[PDB]
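Since the structure comes first, as structure tokens, the remarks are kept for the end.
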Amino acid sequence: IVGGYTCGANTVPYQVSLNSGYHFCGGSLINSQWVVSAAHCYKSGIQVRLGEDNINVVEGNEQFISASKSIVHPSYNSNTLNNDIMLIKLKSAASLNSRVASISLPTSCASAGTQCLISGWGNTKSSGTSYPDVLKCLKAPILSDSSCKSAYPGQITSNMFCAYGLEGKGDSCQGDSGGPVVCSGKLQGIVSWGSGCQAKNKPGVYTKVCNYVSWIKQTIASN
Ligand SMILES: [Ca+2]
């Protein structure tokens with residue numbers, strides 16, 4: 001997260017870190033057994049880390065639980081990033097508490113102009129590289145679809161939305177991928193792609209979670 005703020009420990013209790021020997025992506029806890037992330041975060045050998053603030057220090061509220069299965073959306077296209085969503089099942093249910101909590105799925109799609117909360121452990125520089133240890137947060141508005149399409153001609157599908165996010169937060173960044181975009185208390189986006197982090201005229205692009213609620217529900221009912 002570039003241009004954001006320190007969230008505060010466990011203030012984003014649905015935020016997870018995906019670890020394969022190192023943090024590589026975020027995700028969102030949607031119930032005690034399932035995490036939503038980006039399909040482009042897929043790999044084998046995932047450990048889900050819940051209850052994190054500093055990802056480099058064991059602080060006493062963590063739960064580390066290996067994934068038993070990952071399910072990439074059936075129509076994910078890694079070239080275009082269309083349908084950039086995956087589900088990760090935990091080998092054992094998380095213990096839900098004040099520091100480890102699920103986020104609701106949306107009933108309706110969010111509105112242009114709504115301020116959302118984006119979070120993660122990704123790069124905090126637009127130019128160059130610096131990785132935080134504690135969870136970072138950004139408040140960012142959803143942009144109009146016409147604004148989003150003008151920023152990325154020929155690339156924005158109905159399964160994506162943009163969120164300065166045009167002037168350049170100056171955004172989400174490498175290592176935030178897969179993490180949440182929460183608007184009005186619902187998981188509305190997944191950190192997906194953009195051009196750099198320009199953080200002029202290149203806001204972040206996010207998977208539009210409201211399009212996937214049926215798939216999520218049906219998948220978790222059978223797996
Ligand atoms: Ca920790």
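By convention in this document, the chains of the structure tokens carry letters A, B, ... by their order, each chain's residues are numbered from 1, and ligands are numbered from 1 in the order they are shown.
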
Original post:
Could you list, as a PyMOL selection string, all the residues within 8 Å of ligand 1, counting only C-alpha atoms and all ligand atoms?
Top reply: chain A and resi 51-62

Produce a table with one row for each residue of segment 106-191 of chain A that has an atom at most 8 Å from any atom of segment 8-17 of chain A, each row naming the nearest atom pair and its distance in Å at one decimal; use only C-alpha atoms; arrange rows by chain and rising residue number; format as CSV.
residue,atom,partner,partner_atom,distance
A:119,CA,A:15,CA,7.6
A:120,CA,A:15,CA,7.7
A:134,CA,A:9,CA,7.8
A:135,CA,A:8,CA,7.4
A:179,CA,A:15,CA,7.0
A:180,CA,A:15,CA,7.1

Subject >> Residues within 9 Å of residue 207 of chain A, only C-alpha atoms, excluding chain neighbours under 2 positions, as number ranges by chain >> reply: A: 38, 81-85, 159-162, 188-193, 205, 209-211

Once you have the residues from the selection above, write them out as a CSV table (one decimal), in the first residue's frame, restricted to C-alpha atoms.
chain,number,residue,atom,x,y,z
A,38,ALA,CA,-6.9,-13.5,-6.3
A,81,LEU,CA,-6.9,-11.1,-15.4
A,82,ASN,CA,-10.6,-11.5,-16.0
A,83,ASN,CA,-12.3,-13.5,-13.2
A,84,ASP,CA,-9.2,-13.0,-10.9
A,85,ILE,CA,-10.7,-14.8,-7.8
A,159,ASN,CA,-15.8,-8.2,-13.6
A,160,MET,CA,-13.4,-5.4,-12.7
A,161,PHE,CA,-13.6,-1.9,-11.1
A,162,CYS,CA,-11.1,0.8,-10.5
A,188,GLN,CA,-16.6,-5.8,-2.7
A,189,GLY,CA,-13.1,-6.1,-4.3
A,190,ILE,CA,-9.9,-8.1,-4.5
A,191,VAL,CA,-6.6,-6.5,-5.1
A,192,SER,CA,-6.0,-7.6,-8.8
A,193,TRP,CA,-3.8,-5.4,-11.1
A,205,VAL,CA,-8.0,-2.5,-10.7
A,209,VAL,CA,-16.7,-9.7,-5.9
A,210,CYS,CA,-20.5,-9.0,-6.2
A,211,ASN,CA,-20.4,-10.9,-9.5

Subject >> Å distance separating atom CA of residue 129 of chain A from atom CA of residue 199 of chain A, one decimal place >> reply: 13.0 Å

Original post:
Using only C-alpha atoms, which residues sit within 10 Å of residue 29 of chain A once same-chain residues fewer than 3 positions away are excluded, as a list in words?
Top reply: residues 13, 14, 15, 16, 32, 33, 34, 35, 36, 37, 48, 50, 87, 88, 94, 100, 101, 102, 103, 104, 179, 180 and 187 of chain A

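Considering the residues A:121, A:24, A:64, A:76 and counting only C-alpha atoms, residue 7 of chain A has its shortest atom-to-atom contact with A:121.
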
Using only C-alpha atoms, I'd like a table of the residues in segment 79-134 of chain A that come within 12 Å of segment 1-5 of chain A; for each, show the closest atom pair and its distance in Å rounded to one decimal, ordered by chain and ascending number, as CSV.
residue,atom,partner,partner_atom,distance
A:117,CA,A:4,CA,10.2
A:118,CA,A:1,CA,8.2
A:119,CA,A:1,CA,6.9
A:120,CA,A:1,CA,6.4
A:121,CA,A:1,CA,7.0
A:122,CA,A:1,CA,5.6
A:123,CA,A:1,CA,5.9
A:124,CA,A:2,CA,4.3
A:125,CA,A:2,CA,5.6
A:126,CA,A:2,CA,6.4
A:127,CA,A:2,CA,9.9
A:128,CA,A:2,CA,11.1
A:129,CA,A:2,CA,10.4
A:130,CA,A:2,CA,9.9
A:131,CA,A:1,CA,9.2
A:132,CA,A:1,CA,9.1
A:133,CA,A:1,CA,11.8
A:134,CA,A:5,CA,10.2

Export of prior selection with N, CA, C and O atoms as an mmCIF file, in the first residue's frame:
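again27.cif written:
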data_model
loop_
_atom_site.group_PDB
_atom_site.id
_atom_site.type_symbol
_atom_site.label_atom_id
_atom_site.label_comp_id
_atom_site.auth_asym_id
_atom_site.auth_seq_id
_atom_site.Cartn_x
_atom_site.Cartn_y
_atom_site.Cartn_z
ATOM 1 N N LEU A 117 -12.063 0.495 2.086
ATOM 2 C CA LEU A 117 -10.857 0.224 2.832
ATOM 3 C C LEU A 117 -10.066 -0.900 2.152
ATOM 4 O O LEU A 117 -10.596 -2.031 2.019
ATOM 5 N N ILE A 118 -8.840 -0.601 1.722
ATOM 6 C CA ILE A 118 -7.967 -1.534 1.047
ATOM 7 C C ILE A 118 -6.789 -1.754 1.986
ATOM 8 O O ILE A 118 -6.295 -0.800 2.604
ATOM 9 N N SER A 119 -6.303 -2.998 2.133
ATOM 10 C CA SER A 119 -5.270 -3.266 3.121
ATOM 11 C C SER A 119 -4.317 -4.332 2.617
ATOM 12 O O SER A 119 -4.644 -5.177 1.791
ATOM 13 N N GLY A 120 -3.102 -4.313 3.179
ATOM 14 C CA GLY A 120 -2.123 -5.323 2.868
ATOM 15 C C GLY A 120 -0.729 -4.988 3.366
ATOM 16 O O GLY A 120 -0.454 -3.905 3.898
ATOM 17 N N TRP A 121 0.151 -5.949 3.117
ATOM 18 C CA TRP A 121 1.568 -5.919 3.471
ATOM 19 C C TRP A 121 2.468 -5.694 2.259
ATOM 20 O O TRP A 121 3.672 -5.984 2.294
ATOM 21 N N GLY A 122 1.912 -5.142 1.166
ATOM 22 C CA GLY A 122 2.701 -4.923 -0.038
ATOM 23 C C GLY A 122 3.575 -3.683 0.061
ATOM 24 O O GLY A 122 3.643 -2.954 1.032
ATOM 25 N N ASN A 123 4.289 -3.474 -1.066
ATOM 26 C CA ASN A 123 5.233 -2.381 -1.228
ATOM 27 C C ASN A 123 4.572 -1.071 -0.874
ATOM 28 O O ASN A 123 3.433 -0.802 -1.272
ATOM 29 N N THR A 124 5.328 -0.233 -0.155
ATOM 30 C CA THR A 124 4.865 1.101 0.186
ATOM 31 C C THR A 124 5.472 2.202 -0.659
ATOM 32 O O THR A 124 5.168 3.375 -0.407
ATOM 33 N N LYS A 125 6.251 1.892 -1.669
ATOM 34 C CA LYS A 125 6.794 2.919 -2.610
ATOM 35 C C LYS A 125 6.233 2.839 -4.035
ATOM 36 O O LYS A 125 6.122 1.752 -4.610
ATOM 37 N N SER A 126 5.891 3.980 -4.630
ATOM 38 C CA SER A 126 5.569 4.074 -6.043
ATOM 39 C C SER A 126 6.804 3.820 -6.935
ATOM 40 O O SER A 126 6.703 3.198 -8.031
ATOM 41 N N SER A 127 7.936 4.314 -6.514
ATOM 42 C CA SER A 127 9.212 4.225 -7.164
ATOM 43 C C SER A 127 10.173 3.554 -6.194
ATOM 44 O O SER A 127 10.563 4.090 -5.163
ATOM 45 N N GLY A 128 10.547 2.350 -6.592
ATOM 46 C CA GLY A 128 11.411 1.569 -5.717
ATOM 47 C C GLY A 128 10.621 0.652 -4.826
ATOM 48 O O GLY A 128 9.451 0.304 -5.100
ATOM 49 N N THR A 129 11.314 0.145 -3.806
ATOM 50 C CA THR A 129 10.786 -0.950 -3.040
ATOM 51 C C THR A 129 11.045 -0.879 -1.560
ATOM 52 O O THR A 129 12.191 -0.824 -1.126
ATOM 53 N N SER A 130 9.988 -0.998 -0.751
ATOM 54 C CA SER A 130 10.102 -1.096 0.701
ATOM 55 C C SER A 130 8.895 -1.846 1.178
ATOM 56 O O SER A 130 7.776 -1.437 0.882
ATOM 57 N N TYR A 131 9.120 -2.907 1.931
ATOM 58 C CA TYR A 131 8.039 -3.747 2.462
ATOM 59 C C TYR A 131 7.851 -3.541 3.930
ATOM 60 O O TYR A 131 8.822 -3.593 4.677
ATOM 61 N N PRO A 132 6.592 -3.303 4.366
ATOM 62 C CA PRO A 132 6.311 -3.028 5.754
ATOM 63 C C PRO A 132 6.231 -4.391 6.521
ATOM 64 O O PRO A 132 5.981 -5.470 5.999
ATOM 65 N N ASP A 133 6.363 -4.155 7.835
ATOM 66 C CA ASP A 133 6.087 -5.318 8.642
ATOM 67 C C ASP A 133 4.678 -5.346 9.150
ATOM 68 O O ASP A 133 4.115 -6.476 9.280
ATOM 69 N N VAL A 134 4.087 -4.217 9.461
ATOM 70 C CA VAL A 134 2.729 -4.165 10.016
ATOM 71 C C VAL A 134 1.757 -3.866 8.865
ATOM 72 O O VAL A 134 2.100 -3.376 7.802
#

**OP:** Between A:30, A:150, A:23, A:71, single out the one closest to residue 222 of chain A, counting only C-alpha atoms.
**Re:** A:71

Original post:
Hey, what does DSSP flag as strand (DSSP E) within segment 80-168 of chain A? Can you give it to me as a list in words?
Top reply: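 Those residues are residues 86, 87, 88, 89, 90, 115, 116, 117, 118, 119, 120, 136, 137, 138, 139, 140, 141, 160, 161 and 162 of chain A.
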